[PDB]
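Peer 1: One structure is given below, represented as structure tokens, and several questions about it will come after.
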Amino acid sequence: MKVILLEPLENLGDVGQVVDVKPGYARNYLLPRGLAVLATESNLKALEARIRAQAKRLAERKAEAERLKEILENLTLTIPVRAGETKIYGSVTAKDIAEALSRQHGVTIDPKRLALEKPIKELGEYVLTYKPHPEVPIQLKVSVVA
Amino acid sequence: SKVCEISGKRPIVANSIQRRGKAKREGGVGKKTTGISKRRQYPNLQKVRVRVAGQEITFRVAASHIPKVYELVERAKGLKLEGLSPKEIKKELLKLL
RNA sequence: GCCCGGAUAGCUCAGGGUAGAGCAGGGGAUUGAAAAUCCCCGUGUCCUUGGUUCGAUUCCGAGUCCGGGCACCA
RNA sequence: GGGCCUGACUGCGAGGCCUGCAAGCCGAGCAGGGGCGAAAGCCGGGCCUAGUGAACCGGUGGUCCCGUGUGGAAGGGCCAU
RNA sequence: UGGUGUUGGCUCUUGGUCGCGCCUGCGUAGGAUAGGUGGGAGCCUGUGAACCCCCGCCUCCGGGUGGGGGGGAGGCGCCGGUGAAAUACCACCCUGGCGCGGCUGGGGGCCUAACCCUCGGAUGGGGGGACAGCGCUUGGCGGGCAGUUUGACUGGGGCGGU
RNA sequence: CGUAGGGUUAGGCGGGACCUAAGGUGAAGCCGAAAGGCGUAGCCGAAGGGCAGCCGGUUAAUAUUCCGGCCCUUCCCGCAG
RNA sequence: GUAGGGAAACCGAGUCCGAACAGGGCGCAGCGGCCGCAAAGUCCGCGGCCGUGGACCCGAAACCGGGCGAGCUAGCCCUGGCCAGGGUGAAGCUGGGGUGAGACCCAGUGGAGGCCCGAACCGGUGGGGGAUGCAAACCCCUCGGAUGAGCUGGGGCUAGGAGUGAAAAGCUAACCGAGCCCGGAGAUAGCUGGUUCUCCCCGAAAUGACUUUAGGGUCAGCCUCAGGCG
RNA sequence: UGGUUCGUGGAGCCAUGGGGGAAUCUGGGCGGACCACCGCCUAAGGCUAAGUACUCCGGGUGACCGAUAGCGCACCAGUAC
RNA sequence: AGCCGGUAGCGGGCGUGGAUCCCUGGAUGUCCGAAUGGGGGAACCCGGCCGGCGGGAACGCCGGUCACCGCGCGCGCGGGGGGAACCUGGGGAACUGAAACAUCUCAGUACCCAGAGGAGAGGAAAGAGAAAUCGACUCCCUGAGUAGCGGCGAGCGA
Ligand SMILES: [Mg+2]
Ligand SMILES: [Mg+2]
Ligand SMILES: [Mg+2]
Ligand SMILES: [Mg+2]
Ligand SMILES: [Mg+2]
Ligand SMILES: [Mg+2]
Ligand SMILES: [Mg+2]
Ligand SMILES: [Mg+2]
Ligand SMILES: [Mg+2]
Ligand SMILES: [Mg+2]
Ligand SMILES: [Mg+2]
Ligand SMILES: [Mg+2]
Ligand SMILES: [Mg+2]
Ligand SMILES: [Mg+2]
Ligand SMILES: [Mg+2]
Ligand SMILES: [Mg+2]
Ligand SMILES: [Mg+2]
Ligand SMILES: [Mg+2]
Ligand SMILES: [Mg+2]
Ligand SMILES: [Mg+2]
Ligand SMILES: [Mg+2]
Ligand SMILES: [Mg+2]
Ligand SMILES: [Mg+2]
Ligand SMILES: [Mg+2]
Ligand SMILES: [Mg+2]
Ligand SMILES: [Mg+2]
Ligand SMILES: [Mg+2]
Ligand SMILES: [Mg+2]
Ligand SMILES: [Mg+2]
Ligand SMILES: [Mg+2]
Ligand SMILES: [Mg+2]
Ligand SMILES: [Mg+2]
Ligand SMILES: [Mg+2]
Ligand SMILES: [Mg+2]
Ligand SMILES: [Mg+2]
Ligand SMILES: [Mg+2]
Ligand SMILES: [Mg+2]
Ligand SMILES: [Mg+2]
Ligand SMILES: [Mg+2]
Ligand SMILES: [Mg+2]
Ligand SMILES: [Mg+2]
Ligand SMILES: [Mg+2]
Ligand SMILES: [Mg+2]
Ligand SMILES: [Mg+2]
Ligand SMILES: [Mg+2]
Ligand SMILES: [Mg+2]
Ligand SMILES: [Mg+2]
Ligand SMILES: [Mg+2]
Ligand SMILES: [Mg+2]
Ligand SMILES: [Mg+2]
Ligand SMILES: [Mg+2]
Ligand SMILES: [Mg+2]
Ligand SMILES: [Mg+2]
Ligand SMILES: [Mg+2]
Ligand SMILES: [Mg+2]
Ligand SMILES: [Mg+2]
Ligand SMILES: [Mg+2]
Ligand SMILES: [Mg+2]
Ligand SMILES: [Mg+2]
Ligand SMILES: [Mg+2]
Ligand SMILES: [Mg+2]
Ligand SMILES: [Mg+2]
Ligand SMILES: [Mg+2]
Ligand SMILES: [Mg+2]
Ligand SMILES: [Mg+2]
Ligand SMILES: [Mg+2]
Ligand SMILES: [Mg+2]
Ligand SMILES: [Mg+2]
Ligand SMILES: [Mg+2]
Ligand SMILES: [Mg+2]
Ligand SMILES: [Mg+2]
Ligand SMILES: [Mg+2]
Ligand SMILES: [Mg+2]
Ligand SMILES: [Mg+2]
Ligand SMILES: [Mg+2]
Ligand SMILES: [Mg+2]
Ligand SMILES: [Mg+2]
Ligand SMILES: [Mg+2]
Ligand SMILES: [Mg+2]
Ligand SMILES: [Mg+2]
Ligand SMILES: [Mg+2]
Ligand SMILES: [Mg+2]
Ligand SMILES: [Mg+2]
Ligand SMILES: [Mg+2]
Ligand SMILES: [Mg+2]
Ligand SMILES: [Mg+2]
Ligand SMILES: [Mg+2]
Ligand SMILES: [Mg+2]
Ligand SMILES: [Mg+2]
Ligand SMILES: [Mg+2]
Ligand SMILES: [Mg+2]
Ligand SMILES: [Mg+2]
Ligand SMILES: [Mg+2]
Ligand SMILES: [Mg+2]
Ligand SMILES: [Mg+2]
Ligand SMILES: [Mg+2]
Ligand SMILES: [Mg+2]
Ligand SMILES: [Mg+2]
Ligand SMILES: [Mg+2]
Ligand SMILES: [Mg+2]
Ligand SMILES: [Mg+2]
Ligand SMILES: [Mg+2]
Ligand SMILES: [Mg+2]
Ligand SMILES: [Mg+2]
Ligand SMILES: [Mg+2]
Ligand SMILES: [Mg+2]
Ligand SMILES: [Mg+2]
Ligand SMILES: [Mg+2]
Ligand SMILES: [Mg+2]
Ligand SMILES: [Mg+2]
Ligand SMILES: [Mg+2]
Ligand SMILES: [Mg+2]
Ligand SMILES: [Mg+2]
Ligand SMILES: [Mg+2]
Ligand SMILES: [Mg+2]
Ligand SMILES: [Mg+2]
Ligand SMILES: [Mg+2]
Ligand SMILES: [Mg+2]
Ligand SMILES: [Mg+2]
Ligand SMILES: [Mg+2]
Ligand SMILES: [Mg+2]
Ligand SMILES: [Mg+2]
Ligand SMILES: [Mg+2]
Ligand SMILES: [Mg+2]
Ligand SMILES: [Mg+2]
Ligand SMILES: [Mg+2]
Ligand SMILES: [Mg+2]
Ligand SMILES: [Mg+2]
Ligand SMILES: [Mg+2]
Ligand SMILES: [Mg+2]
Ligand SMILES: [Mg+2]
Ligand SMILES: [Mg+2]
Ligand SMILES: [Mg+2]
Ligand SMILES: [Mg+2]
Ligand SMILES: [Mg+2]
Ligand SMILES: [Mg+2]
Ligand SMILES: [Mg+2]
Ligand SMILES: [Mg+2]
Ligand SMILES: [Mg+2]
Ligand SMILES: [Mg+2]
Ligand SMILES: [Mg+2]
Ligand SMILES: [Mg+2]
Ligand SMILES: [Mg+2]
Ligand SMILES: [Mg+2]
Ligand SMILES: [Mg+2]
Ligand SMILES: [Mg+2]
Ligand SMILES: [Mg+2]
Ligand SMILES: [Mg+2]
Ligand SMILES: [Mg+2]
Ligand SMILES: [Mg+2]
Ligand SMILES: [Mg+2]
Ligand SMILES: [Mg+2]
Ligand SMILES: [Mg+2]
Ligand SMILES: [Mg+2]
Ligand SMILES: [Mg+2]
Ligand SMILES: [Mg+2]
Ligand SMILES: [Mg+2]
Ligand SMILES: [Mg+2]
Ligand SMILES: [Mg+2]
Ligand SMILES: [Mg+2]
Ligand SMILES: [Mg+2]
Ligand SMILES: [Mg+2]
Ligand SMILES: [Mg+2]
Ligand SMILES: [Mg+2]
Ligand SMILES: [Mg+2]
Ligand SMILES: [Mg+2]
Ligand SMILES: [Mg+2]
Ligand SMILES: [Mg+2]
Ligand SMILES: [Mg+2]
Ligand SMILES: [Mg+2]
Ligand SMILES: [Mg+2]
Ligand SMILES: [Mg+2]
Ligand SMILES: [Mg+2]
Ligand SMILES: [Mg+2]
Ligand SMILES: [Mg+2]
Ligand SMILES: [Mg+2]
Ligand SMILES: [Mg+2]
Ligand SMILES: [Mg+2]
Ligand SMILES: [Mg+2]
Ligand SMILES: [Mg+2]
Ligand SMILES: [Mg+2]
Ligand SMILES: [Mg+2]
Ligand SMILES: [Mg+2]
Ligand SMILES: [Mg+2]
Ligand SMILES: [Mg+2]
Ligand SMILES: [Mg+2]
Ligand SMILES: [Mg+2]
Ligand SMILES: [Mg+2]
Ligand SMILES: [Mg+2]
Ligand SMILES: [Mg+2]
Ligand SMILES: [Mg+2]
Ligand SMILES: [Mg+2]
Ligand SMILES: [Mg+2]
Ligand SMILES: [Mg+2]
Ligand SMILES: [Mg+2]
Ligand SMILES: [Mg+2]
Ligand SMILES: [Mg+2]
Ligand SMILES: [Mg+2]
Ligand SMILES: [Mg+2]
Ligand SMILES: [Mg+2]
Ligand SMILES: [Mg+2]
Ligand SMILES: [Mg+2]
Ligand SMILES: [Mg+2]
Ligand SMILES: [Mg+2]
Ligand SMILES: [Mg+2]
Ligand SMILES: [Mg+2]
Ligand SMILES: [Mg+2]
Ligand SMILES: [Mg+2]
Ligand SMILES: [Mg+2]
Ligand SMILES: [Mg+2]
Ligand SMILES: [Mg+2]
Ligand SMILES: [Mg+2]
Ligand SMILES: [Mg+2]
Ligand SMILES: [Mg+2]
Ligand SMILES: [Mg+2]
Ligand SMILES: [Mg+2]
Ligand SMILES: [Mg+2]
Ligand SMILES: [Mg+2]
Ligand SMILES: [Mg+2]
Ligand SMILES: [Mg+2]
Ligand SMILES: [Mg+2]
Ligand SMILES: [Mg+2]
Ligand SMILES: [Mg+2]
Ligand SMILES: [Mg+2]
Ligand SMILES: [Mg+2]
Ligand SMILES: [Mg+2]
Ligand SMILES: [Mg+2]
Ligand SMILES: [Mg+2]
Ligand SMILES: [Mg+2]
Ligand SMILES: [Mg+2]
Ligand SMILES: [Mg+2]
Ligand SMILES: [Mg+2]
Ligand SMILES: [Mg+2]
Ligand SMILES: [Mg+2]
Ligand SMILES: [Mg+2]
Ligand SMILES: [Mg+2]
Ligand SMILES: [Mg+2]
Ligand SMILES: [Mg+2]
Ligand SMILES: [Mg+2]
Ligand SMILES: [Mg+2]
Ligand SMILES: [Mg+2]
Ligand SMILES: [Mg+2]
Ligand SMILES: [Mg+2]
Ligand SMILES: [Mg+2]
């Protein structure tokens with residue numbers, strides 16, 4: 001009796017998988033405990049629907065990512081600070097690079113998704129990895145200046 | 001045993017035919033009937049307890065049509081059944097037949 | 001009528017290259033006998049018949065004979 | 001008693017005996033292929049009268065007659081047992 | 001009372017078939033533990049050889065072999081001696097033994113959720129538990145019950161006889 | 001016996017508007033081809049529980065029933081505590 | 001009906017068995033002078049007899065279905081009621097004796113018991129009577145039980161292959177080895193009985209064979225009618 | 001196992017109590033085991049007059065009865081008993 | 001043109017201003033009965049609610065309403081019971097016949113039960129069955145005592 005697992009189960013399968021079990025195991029255990037639902041034609045389609053939407057709403061987040069990748073790697077964010085030869089008096093932070101990115105180029109960004117351990121204290125050119133989406137990193141060249 | 005609530009399978013009358021001798025197709029003289037008496041064949045009726053709409057419903061059903069019960073449960077989700085007695089829930093399932 | 005056993009010494013039983021074993025039988029040791037015991041000895045187409053092998057009790061085919069087993073009977 | 005042999009035939013059968021029926025009995029002669037005999041001829045078991053069992057059901061060997069739209073098959077029939 | 005349905009999870013141990021893999025096979029004559037035929041003058045070894053240490057082993061107790069730590073130019077064949085049957089390496093197969101794998105099947109152990117019992121409380125707890133009960137089917141016991149049969153001749157019937 | 005007329009009077013007697021017994025019936029629930037069979041509560045069910053009337057007089061015919069004397073019960077409403 | 005033979009394929013005045021042109025089985029063909037009469041056959045009516053039906057009529061003991069019954073009787077359930085009077089005198093208790101303490105003994109009190117006697121009540125032992133009865137079980141005399149496994153009123157439950165039974169196959173509405181009513185139903189009866197106006201002609205058999213047959217049947221024998229032969 | 005003429009028969013077909021369990025026309029059932037070929041038909045949802053049966057009722061008519069007959073009942077009969 | 005039932009009589013009435021009487025529709029219709037507010041030993045007994053009658057609160061009477069079940073959304077609609085035969089479905093004997101009896105027969109009859117209606121069933125091919133054909137079903141004739149079925153018996157029978 002084929003059923004659709006609603007949870008991952010020990011040596012049966014992964015959630016969403018369609019496995020074949022003895023009718024009794026399904027009626028008297030799996031189905032009443034919500035661990036699975038019998039693989040009817042009626043909800044076979046329901047599985048095909050949510051796989052089709054999930055991978056859709058996944059790849060759209062990939063395209064929302066590639067949109068900010070094509071843009072942000074294709075420019076430099078320039079930060080005027082006050083400094084003496086090398087050392088900045090204050091510091092530029094993610095919050096700083098944030099408010100900077102909109103005011104200059106009209107794009108919003110998330111400080112927390114940006115890779116900066118210690119706040120930037122030296123003048124120069126930096127490359128800062130950005131992740132609005134795993135496996136889709138955005139390199140950002142940033143120029144801090146006087 | 002009585003009647004399947006799903007299929008309407010029902011006890012039937014059959015004969016119990018006692019035979020002796022060797023079948024002709026085995027080189028025998030032939031079968032002789034040494035007794036015919038009436039008897040009944042009952043449906044393989046069983047109990048099926050399912051939880052529907054938060055109520056417990058029991059079916060007396062032939063084993064053959066046991067899956068037909070769980071299907072009625074699936075066909076039932078589109079119905080508005082809460083507040084109902086188990087008796088009234090069962091009635092709704094059986095009209096989905 | 002079909003399946004499954006057999007046949008090996010006097011009696012009963014063991015088994016691709018042996019023909020065995022026990023008990024019956026005979027002498028010998030031994031004894032109040034009657035035994036128990038102990039030593040030695042015999043008793044084979046391994047049913048027949050046909051072929052396999054290099055040869056065969058075996059393997060096979062075939063009948064003969066006795067067994068067991070199941071079914072049937074107008 | 002011995003020699004050669006298988007007629008302890010196949011296909012029929014005039015005419016009778018007996019007889020409630022059904023059975024039972026005897027049978028010359030013709031054809032096929034034989035045996036014995038020089039031949040005439042004899043041989044369809046046994047000097048004779050007991051040694052037996054209708055039909056139904058079914059087995060087996062033939063026959064190739066029927067074969068459920070058709071060709072086959074299934075299963076029957078027929079001859080023999 | 002077998003099969004099967006209702007009837008499920010996890011283990012353990014067996015049996016049988018099929019496929020592959022590897023080995024086993026000792027009367028004698030003889031190099032020794034020679035399966036059957038067949039191919040065959042060459043196979044192997046640096047893609048590790050003659051002994052050594054570990055053991056799966058099976059031994060008919062002489063031996064056979066398997067994996068492993070030894071181990072750094074070598075072992076057996078055709079040669080041939082007696083063989084019915086030659087010894088190397090391959091190859092289909094026979095008698096077995098296992099190692100997996102396929103499908104079957106038998107036991108045992110546990111589990112809980114079907115089903116059963118129970119708990120003043122119950123979508124729950126406890127116990128039994130895939131047994132039991134019940135359906136279909138198998139064969140058996142079965143005067144408890146049922147339908148019947150249980151001859152005729154005959155110096156009456158029975159008995160005897162036929 | 002035939003025809004006709006007359007005769008049986010209750011808050012307190014008996015039964016019901018009270019209670020339950022066996023049993024019967026039976027919302028729940030269970031079972032059975034049909035008919036039906038069960039079944040907790042509940043309901044029904046008495047000669048058992050419970051409950052307020054004694055004596056006399058009267059009629060052709062009834063009387064703890066009518067009458068007389070002396071008693072009592074329940075229900076409704078009211079007043080008081 | 002007009003064609004039959006063969007198990008059949010099939011042939012056909014023939015066909016089957018067979019190797020046969022053999023042999024056999026079962027089959028095949030009007031009176032008058034083209035008119036006429038007759039006829040195969042077939043159709044209707046009438047009569048005899050047969051088959052199927054209850055089949056000439058009456059009659060079982062029984063079998064089956066569905067119902068009706070425990071107001072009789074049997075057991076049980078619930079709830080009530082009844083058992084004059086007299087007799088016997090268990091245990092226990094008290095006192096006394098007893099002994100180390102006891103057992104135990106005596107007296108008194110006590111009132112037990114499927115105890116005794118005997119009415120009611122329940123029975124039914126022997127005899128007599130009755131015998132178209134007073135009575136489809138009674139009457140008289142006698143006799144058993146009578147505090148118990150007792151008797152009895154009312155209310156209930158259990159039934160037909162079923163109940164109930166201190167057990168007799170007893171009882172279940174006056175006949176119970178399987179109740180009663182209606183139904184299957186006109187069961188079946190190879191048995192017994194019965195079978196109705198007249199006259200005329202003929203006129204048997206009681207044997208044989210076979211028969212779960214023997215007092216019943218089939219065939220033959222023997223009777224009768226019609227047509228034919230002579 | 002039932003139905004049909006079909007009693008296990010060569011036993012199909014229709015139905016179905018139990019087990020196993022498809023497909024959507026290039027799908028499926030049938031033509032008497034089975035197979036090939038050739039044909040027939042579209043299962044697992046339902047409805048549908050009329051032609052047919054019967055006679056409590058009414059009328060019409062009898063080579064139907066005529067009071068022991070005809071209905072059990074001609075009548076105060078499903079009565080009396 | 002007579003009339004007040006069978007039914008006369010006593011005693012009283014009606015009708016050509018159309019009676020009695022016949023047909024149709026309507027009104028009334030105690031109580032019981034499917035019986036249905038509840039109970040019950042049918043034709044009796046005891047209640048709730050609203051309204052009315054009495055002097056009426058107790059008591060009583062009158063009118064309306066109040067069972068259970070099914071189905072649709074407390075309101076509705078329907079069901080229940082009967083009917084001589086006839087009909088369909090679910091169950092289903094035995095005597096008897098086989099001159100015994102068991103398979104077979106009687107017979108899917110008798111009977112029980114559910115349901116139905118003036119009928120009921122059946123009915124528009126997953127048919128038939130050999131016709132290269134037919135064309136729903138029902139009913140009658142015939143096919144035919146054929147084909148077949150059968151302790152190949154008795155019989156059964158498309
Ligand atoms: Mg800052
Ligand atoms: Mg059976
Ligand atoms: Mg054969
Ligand atoms: Mg038979
Ligand atoms: Mg038979
Ligand atoms: Mg029968
Ligand atoms: Mg039975
Ligand atoms: Mg279950
Ligand atoms: Mg559940
Ligand atoms: Mg099924
Ligand atoms: Mg199934
Ligand atoms: Mg043989
Ligand atoms: Mg022996
Ligand atoms: Mg011997
Ligand atoms: Mg000689
Ligand atoms: Mg001679
Ligand atoms: Mg010669
Ligand atoms: Mg002759
Ligand atoms: Mg003769
Ligand atoms: Mg003779
Ligand atoms: Mg002769
Ligand atoms: Mg000659
Ligand atoms: Mg010559
Ligand atoms: Mg000559
Ligand atoms: Mg001759
Ligand atoms: Mg014979
Ligand atoms: Mg016979
Ligand atoms: Mg035959
Ligand atoms: Mg043959
Ligand atoms: Mg042919
Ligand atoms: Mg065919
Ligand atoms: Mg054919
Ligand atoms: Mg062909
Ligand atoms: Mg042909
Ligand atoms: Mg043949
Ligand atoms: Mg044959
Ligand atoms: Mg043949
Ligand atoms: Mg013959
Ligand atoms: Mg069983
Ligand atoms: Mg199982
Ligand atoms: Mg366990
Ligand atoms: Mg355990
Ligand atoms: Mg636990
Ligand atoms: Mg549990
Ligand atoms: Mg649990
Ligand atoms: Mg529980
Ligand atoms: Mg539990
Ligand atoms: Mg547990
Ligand atoms: Mg089980
Ligand atoms: Mg089986
Ligand atoms: Mg059995
Ligand atoms: Mg008996
Ligand atoms: Mg017996
Ligand atoms: Mg028994
Ligand atoms: Mg006999
Ligand atoms: Mg006799
Ligand atoms: Mg005699
Ligand atoms: Mg005598
Ligand atoms: Mg005599
Ligand atoms: Mg005499
Ligand atoms: Mg005499
Ligand atoms: Mg005798
Ligand atoms: Mg008087
Ligand atoms: Mg009076
Ligand atoms: Mg008074
Ligand atoms: Mg009142
Ligand atoms: Mg009362
Ligand atoms: Mg009460
Ligand atoms: Mg109810
Ligand atoms: Mg009822
Ligand atoms: Mg009822
Ligand atoms: Mg009841
Ligand atoms: Mg009760
Ligand atoms: Mg009350
Ligand atoms: Mg009552
Ligand atoms: Mg009462
Ligand atoms: Mg009282
Ligand atoms: Mg009391
Ligand atoms: Mg009282
Ligand atoms: Mg009183
Ligand atoms: Mg007083
Ligand atoms: Mg007085
Ligand atoms: Mg008086
Ligand atoms: Mg007074
Ligand atoms: Mg006050
Ligand atoms: Mg013919
Ligand atoms: Mg010929
Ligand atoms: Mg000729
Ligand atoms: Mg001829
Ligand atoms: Mg006559
Ligand atoms: Mg005649
Ligand atoms: Mg009759
Ligand atoms: Mg008749
Ligand atoms: Mg007659
Ligand atoms: Mg009988
Ligand atoms: Mg009998
Ligand atoms: Mg009865
Ligand atoms: Mg009584
Ligand atoms: Mg009484
Ligand atoms: Mg008392
Ligand atoms: Mg007394
Ligand atoms: Mg006294
Ligand atoms: Mg006394
Ligand atoms: Mg005295
Ligand atoms: Mg006394
Ligand atoms: Mg005295
Ligand atoms: Mg005294
Ligand atoms: Mg005392
Ligand atoms: Mg003392
Ligand atoms: Mg004393
Ligand atoms: Mg006393
Ligand atoms: Mg005294
Ligand atoms: Mg006494
Ligand atoms: Mg005395
Ligand atoms: Mg006395
Ligand atoms: Mg008495
Ligand atoms: Mg007496
Ligand atoms: Mg006396
Ligand atoms: Mg007397
Ligand atoms: Mg007398
Ligand atoms: Mg008398
Ligand atoms: Mg007396
Ligand atoms: Mg007296
Ligand atoms: Mg006296
Ligand atoms: Mg006395
Ligand atoms: Mg006395
Ligand atoms: Mg006494
Ligand atoms: Mg006494
Ligand atoms: Mg007394
Ligand atoms: Mg007592
Ligand atoms: Mg009493
Ligand atoms: Mg009493
Ligand atoms: Mg009584
Ligand atoms: Mg009882
Ligand atoms: Mg009873
Ligand atoms: Mg009764
Ligand atoms: Mg009876
Ligand atoms: Mg009866
Ligand atoms: Mg008996
Ligand atoms: Mg009994
Ligand atoms: Mg008694
Ligand atoms: Mg009676
Ligand atoms: Mg009586
Ligand atoms: Mg009696
Ligand atoms: Mg008697
Ligand atoms: Mg008696
Ligand atoms: Mg009887
Ligand atoms: Mg009887
Ligand atoms: Mg009797
Ligand atoms: Mg009686
Ligand atoms: Mg009677
Ligand atoms: Mg009746
Ligand atoms: Mg009747
Ligand atoms: Mg009859
Ligand atoms: Mg009669
Ligand atoms: Mg008889
Ligand atoms: Mg007779
Ligand atoms: Mg008579
Ligand atoms: Mg006479
Ligand atoms: Mg004459
Ligand atoms: Mg004369
Ligand atoms: Mg004679
Ligand atoms: Mg005679
Ligand atoms: Mg005989
Ligand atoms: Mg006899
Ligand atoms: Mg005799
Ligand atoms: Mg006799
Ligand atoms: Mg006789
Ligand atoms: Mg005669
Ligand atoms: Mg004569
Ligand atoms: Mg004559
Ligand atoms: Mg005549
Ligand atoms: Mg004449
Ligand atoms: Mg049939
Ligand atoms: Mg059949
Ligand atoms: Mg049949
Ligand atoms: Mg068939
Ligand atoms: Mg077919
Ligand atoms: Mg089929
Ligand atoms: Mg089928
Ligand atoms: Mg099925
Ligand atoms: Mg197609
Ligand atoms: Mg297809
Ligand atoms: Mg089909
Ligand atoms: Mg067809
Ligand atoms: Mg078709
Ligand atoms: Mg269609
Ligand atoms: Mg259809
Ligand atoms: Mg219709
Ligand atoms: Mg019609
Ligand atoms: Mg009429
Ligand atoms: Mg009339
Ligand atoms: Mg008269
Ligand atoms: Mg009359
Ligand atoms: Mg007269
Ligand atoms: Mg008359
Ligand atoms: Mg009438
Ligand atoms: Mg009348
Ligand atoms: Mg009469
Ligand atoms: Mg009369
Ligand atoms: Mg009368
Ligand atoms: Mg007047
Ligand atoms: Mg006057
Ligand atoms: Mg007058
Ligand atoms: Mg005028
Ligand atoms: Mg007018
Ligand atoms: Mg009117
Ligand atoms: Mg009422
Ligand atoms: Mg009532
Ligand atoms: Mg009021
Ligand atoms: Mg007043
Ligand atoms: Mg008032
Ligand atoms: Mg009132
Ligand atoms: Mg009033
Ligand atoms: Mg009212
Ligand atoms: Mg009714
Ligand atoms: Mg109706
Ligand atoms: Mg009918
Ligand atoms: Mg029917
Ligand atoms: Mg019927
Ligand atoms: Mg029966
Ligand atoms: Mg019978
Ligand atoms: Mg009989
Ligand atoms: Mg008959
Ligand atoms: Mg008979
Ligand atoms: Mg007879
Ligand atoms: Mg008999
Ligand atoms: Mg019979
Ligand atoms: Mg039968
Ligand atoms: Mg009959
Ligand atoms: Mg029948
Ligand atoms: Mg009838
Ligand atoms: Mg009509
Ligand atoms: Mg119609
Ligand atoms: Mg259509
Ligand atoms: Mg048709
Ligand atoms: Mg066409
Ligand atoms: Mg068409
Ligand atoms: Mg014809
Ligand atoms: Mg028949
Ligand atoms: Mg038939
Ligand atoms: Mg038949
Ligand atoms: Mg029949
Ligand atoms: Mg038919």
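Here the Cβ positions follow ideal geometry from the backbone for every residue, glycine too, while neighbour counts run over all protein chains shown. Values in this text are rule-based calculations from the coordinates and carry no lab data.
Peer 1: Select from segment A:82-146 those chymotrypsin sites (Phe, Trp or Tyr not before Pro) which occupy a DSSP coil region and have at most 10 other Cβ atoms within 10 Å, ordered by residue number.
Peer 2: Hits after loop and neighbour filter: nothing returned.
Peer 1: For B:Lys95, give me every one of the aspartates and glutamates with a C-alpha distance below 15 angstrom, ignoring sequence neighbours fewer than eight places off in its own chain.
Peer 2: Cα-Cα hits under 15 Å: B:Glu5, B:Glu71, B:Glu74.
Peer 1: Something else about it: Say each of B:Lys31 and A:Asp14 gets a label point 7 Å from the Cα, pointing the same way as Cα to Cβ; how far apart are those two points in nm?
Peer 2: Taking the two extended label points, one gets 5.8 nm.
Peer 1: Pick from B:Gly27, B:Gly54, B:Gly35 the residue whose mean-square fluctuation is largest in a GNM of chain B, springs joining Cα atoms under 10 Å.
Peer 2: Per the Cα network of chain B with a 10 Å cutoff, B:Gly27 tops the list.
Peer 1: Which is the longest part of chain B that has none of the trypsin sites (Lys or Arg not before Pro) sitting in a DSSP loop with at most 16 other Cβ atoms within 10 Å?
Peer 2: Of all site-free stretches, the longest is B:32-74.
Peer 1: Quick check: the distance between the Cα centres of segment A:4-48 and segment B:1-72, to the nearest angstrom?
Peer 2: Between the Cα centres of segment A:4-48 and segment B:1-72 lies a distance of 31 Å.
Peer 1: Sequence neighbours fewer than 8 away in the same chain don't count; with that in mind, list the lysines whose C-alpha is under 26 Å from B:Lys31.
Peer 2: B:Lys22
Peer 1: On to the next question. For Cα pairs less than 8 Å apart in space and 6+ apart in sequence, what is the mean separation divided by the residue count of segment A:84-138, i.e. the relative contact order in percent?
Peer 2: 35 percent
Peer 1: So how do B:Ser37, B:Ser7 line up by other beta-carbon neighbours within 10 Å, fewest first?
Peer 2: Sorted ascending by nearby Cβ count, the order is B:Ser37, B:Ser7.
Peer 1: Still on this structure, please answer the following. Hey, could you pull the Cα Rg and Dmax for chain B, both in Å?
Peer 2: Rg then Dmax for chain B, in Å: 21.7, 71.
Peer 1: Still on this structure, I have one more. I want to verify a result. In a Gaussian network model of chain A, Cα cutoff 10 Å, which of these has the top mean-square fluctuation: A:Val15, A:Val107, A:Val92?
Peer 2: Comparing A:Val15, A:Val107, A:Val92 in a Gaussian network model of chain A, the most mobile one is A:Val15.
Peer 1: Pairs A:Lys22/B:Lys77; A:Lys56/A:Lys112; A:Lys62/A:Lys95; B:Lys68/B:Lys90; A:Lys22/B:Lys2; B:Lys47/B:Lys90: which are spaced more than 18 Å apart, C-alpha to C-alpha?
Peer 2: A:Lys22/B:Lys77; A:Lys56/A:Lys112; A:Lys62/A:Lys95; A:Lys22/B:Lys2
Peer 1: Follow-up. Can you give the mean number of other chain Cβ atoms that lie within 10 Å of the Cβ atoms in peptide B:63-74?
Peer 2: Partner-chain Cβ atoms within 10 Å, mean over residues of B:63-74: 2.
Peer 1: Continuing with the same structure: Per DSSP helix of 4 or more residues, -39500 (n - 2.57); summed, then divided by the residues of the protein assembly as shown. What does that give at 222 nm, rounded to the nearest 500?
Peer 2: -8500 deg cm²/dmol
Peer 1: I've got another one for you. May I ask which residue of B:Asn15, B:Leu79, B:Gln41 lies farthest towards the positive end of the charge dipole of chain B, with charges of +1 (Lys, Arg) and -1 (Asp, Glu) on Cβ and the Cα centre as origin?
Peer 2: B:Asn15
Peer 1: OK, next. Quick one: dipole size for segment B:23-91, taken about the Cα centre, charges +1 on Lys/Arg Cβ and -1 on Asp/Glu Cβ, in debye to the nearest 20.
Peer 2: 520 debye
Peer 1: Running a GNM on chain B with Cα contacts under 10 Å, which residue among B:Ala62, B:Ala53, B:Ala14 ends up with the highest mean-square fluctuation?
Peer 2: Per the Cα network of chain B with a 10 Å cutoff, B:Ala14 tops the list.
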